[PDB]
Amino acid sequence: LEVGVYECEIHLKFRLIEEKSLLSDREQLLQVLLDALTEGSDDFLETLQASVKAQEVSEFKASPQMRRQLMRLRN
């Protein structure tokens, strides 16, 4: 159950069919898009460009809250 701290970068461009009423709320917009990305249906979504990076970094780079979580998990 080895964990690490990863610095991660996602860059995605894509076309999506969606209901208009689901895209009008600034606070829920990303989640609506993540949900479609997760579904990954070729009837609704076309991924145009994707770059996904995840690199382990030293835990000193983590936030205080995350460094506490790391101690909690390792002990």
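Numbers follow the displayed sequence, beginning with 1.
S.K.: Between 38-46 and 25-33, which has the higher average C-alpha B-factor in the PDB entry?
M.R.: The recorded data point to 38-46.
S.K.: What third of the chain, by the recorded C-alpha B-factor, contains residue 8?
M.R.: According to the entry, residue 8 has a C-alpha B-factor in the chain's lowest third.
S.K.: Considering only modelled residues of the same chain, in which third does the CA B-factor of residue 15 rank: lowest, middle or highest?
M.R.: For residue 15, whose C-alpha B-factor we compare with every modelled residue in the chain, the answer is the middle third.
S.K.: Rank-wise, by C-alpha B-factor, drop residue 51 into the lowest, middle or highest third of its chain.
M.R.: Tercile = lowest for this residue's CA B-factor.
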